[PDB]
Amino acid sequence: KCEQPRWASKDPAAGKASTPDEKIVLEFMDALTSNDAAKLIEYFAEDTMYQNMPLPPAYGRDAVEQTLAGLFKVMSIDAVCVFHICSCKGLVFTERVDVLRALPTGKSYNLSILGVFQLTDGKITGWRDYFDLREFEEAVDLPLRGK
């Protein structure tokens, strides 16, 4: 379900990994469609954090794993479409769509996300995704801020 948005950089290189950190993050993006917190957590450092910016952050591998496990109980990531990826000293940015399905309603939405990852020695010390939560809630008829 990976349609280009109109504004995407036309060079296909803009969406491809050209550094070891970009390569790890693209592999991580590939893994997201497993909807499997236990597989995902292997990419993370000990001193780490995760935040979907409209919701509270999680600090440390255990809390990150439990947050993801809880997300996957109410929604599934059916596809991940990465348009732009860039890296520089320890940070990787991804502009993407995650096609998300709300399990209670069966409804899907193409969630526009800009995400940032911090790495050290090939492991994720931070992951933050920025998007508009209300629009997703209304598309899939489900209030997530409560949950």
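A residue's number is simply how far along the shown sequence it sits, counting from 1.
Participant: Regarding 17 to 25 and 121 to 129, which shows the higher C-alpha temperature factor on average in the entry?
Facilitator: Looking at the record's C-alpha B-factors, the answer is 17 to 25.
Participant: Read off the CA B-factors in the entry, average them over 110 to 118 and over 27 to 35, and name the higher stretch.
Facilitator: Mean CA B-factor is higher for 27 to 35.
Participant: Among the modelled residues of this chain, does the Cα B factor of residue 102 put it in the lowest, middle or highest third?
Facilitator: Residue 102: CA B-factor falls in the middle third of its chain.
Participant: Looking at the C-alpha B-factor of residue 66, is it in the lowest, middle or highest third of its chain?
Facilitator: Answer is highest: the recorded C-alpha B-factor places it there.
Participant: Which third of the chain does residue 88 land in by C-alpha B-factor: lowest, middle or highest?
Facilitator: Its C-alpha B-factor belongs to the highest third of this chain's values.
Participant: Give the position of residue 42 by CA B-factor within its chain, expressed as the lowest, middle or highest third.
Facilitator: Highest third, going by the recorded CA B-factors of the chain.
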